[PDB]
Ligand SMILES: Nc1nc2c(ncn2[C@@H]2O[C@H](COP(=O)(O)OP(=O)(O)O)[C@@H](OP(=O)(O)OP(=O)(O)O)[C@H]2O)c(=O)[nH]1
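Here's a solo chain for you in structure tokens, the form deposited without guanosine-5',3'-tetraphosphate.
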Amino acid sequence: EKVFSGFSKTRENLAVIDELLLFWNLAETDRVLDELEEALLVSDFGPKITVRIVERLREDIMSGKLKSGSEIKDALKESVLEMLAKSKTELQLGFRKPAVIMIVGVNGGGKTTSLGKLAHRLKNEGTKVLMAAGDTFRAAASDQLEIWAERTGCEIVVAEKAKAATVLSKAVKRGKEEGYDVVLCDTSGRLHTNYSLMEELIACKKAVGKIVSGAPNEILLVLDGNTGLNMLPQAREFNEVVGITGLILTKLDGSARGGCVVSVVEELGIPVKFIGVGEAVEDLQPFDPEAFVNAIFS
């Protein structure tokens, strides 16, 4: 619904596929597939996934598995859905307490804001949440997390400039000691990835691991959806260095770049867990791969 709006422009642009398929027959296959390829590329499906999708269609058309435009269209949706769920999209918090979640990302992605929206969700499900203001680089983020703490009725551990790993260590200790269900940890926001940032994220992961075996449970990377395919290198860097368990794609408002969602998940094998489709608190939503594929293809 809100996912339909989040990618409204992608849907509009991908609609050309239905028109092209009106002109499909076996002899027209390669011409139709050339146009279909161009349409996916226009909507920010990466080259690797576009060729994979198109060549499989061509295969299945040639072998006689696919015999009509409607069958080809549904096969296209199936290929895309399969790349998305090749996926545990849910938060994987287990049973041992406390669960520890780290939120990471660069400036402009809504890192801190999403952590607040997430805390709202968990609080509403009756989960006992402690916040940790580990974004030590940005003073405005810490203050914003105190505002979120007050709105959602979470307690919050704040820095007393602090080392993020020390704040997180403190919050998780208090989590465990005071019987919390989840410790929800912010981390430092920078304009671009750099060495200093990666070193600090490594330290935070080690520091919370020392207090609770297997912590953190989730390391969620927040990314502005509007960056499209340019999010691939950065997600790969966070993943190679830190180990990301889930993505949060934000700032979607009739994005024309919906293909980037499939491209990132397929490339790195990290599921999209939440999508941000608006500025209200409820507008951070659990990702539903089948609903998404319907939202972009009809």
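Just so we're on the same page, rigid core means the largest C-alpha set that superposes within 1.5 Å between forms. Quick note: we count residues from 1 along the sequence shown, nothing fancier.
Keep in mind that the form solved in complex with guanosine-5',3'-tetraphosphate is not shown, yet the notes after this line are about it.
Considering 130, 165, 106, 211, which brings a non-hydrogen atom within 4.5 Å of guanosine-5',3'-tetraphosphate in the entry with it bound? Comparing distances to guanosine-5',3'-tetraphosphate in the entry with it bound, the residue within 4.5 Å is 106.
In the entry with it bound, the one of 170, 73, 117, 205 near guanosine-5',3'-tetraphosphate [non-hydrogen atom within 4.5 angstroms]: Selected option: 117.
guanosine-5',3'-tetraphosphate in the entry with it bound: within 4.5 Å of a heavy atom of each of 49, 239 and 263? Judged in the entry with it bound, none of 49, 239 and 263 sits within 4.5 Å of guanosine-5',3'-tetraphosphate.
Does residue 289 make contact with guanosine-5',3'-tetraphosphate in the entry with it bound, using a 4.5 Å heavy atom cut-off? Output for residue 289 is no: heavy atoms all beyond 4.5 Å of guanosine-5',3'-tetraphosphate.
For residue 279, is any heavy atom within 4.5 Å of guanosine-5',3'-tetraphosphate in the entry with it bound, or not? Judged by the heavy-atom cut-off of 4.5 Å, residue 279 is in contact with guanosine-5',3'-tetraphosphate in the entry with it bound.
Hey, in the entry with it bound, is residue 250 touching guanosine-5',3'-tetraphosphate, heavy atoms inside 4.5 Å? Contact with guanosine-5',3'-tetraphosphate, yes.
Any of the heavy atoms of residue 144 lying within 4.5 Å of guanosine-5',3'-tetraphosphate in the entry with it bound? Result yes; residue 144 sits at the interface with guanosine-5',3'-tetraphosphate in the entry with it bound.
Among 65 to 73, 31 to 39, 269 to 277, 52 to 60, mark the stretch whose residues have heavy atoms within 4.5 Å of guanosine-5',3'-tetraphosphate in the entry with it bound. The contacting stretch is 269 to 277.
If you apply a 4.5 angstroms heavy atom cut-off, which residues in 205 to 237 are near guanosine-5',3'-tetraphosphate in the entry with it bound? None of them.
Cα of residue 241 displaced 2 Å or more between this form and the one not shown, core superposed? Shift at residue 241: below 2 Å after core fit.
Superpose on the rigid core, then tell me if the C-alpha of residue 17 is displaced by 2 angstroms or more between this form and the one not shown. Yes, shifts by 2 Å or more.
Checking residue 251 here: with the core superposed, does its CA move 2 Å or more between this form and the one not shown? No; residue 251 is a residue whose C-alpha shifts by less than 2 Å between this form and the one not shown when the cores are overlaid.
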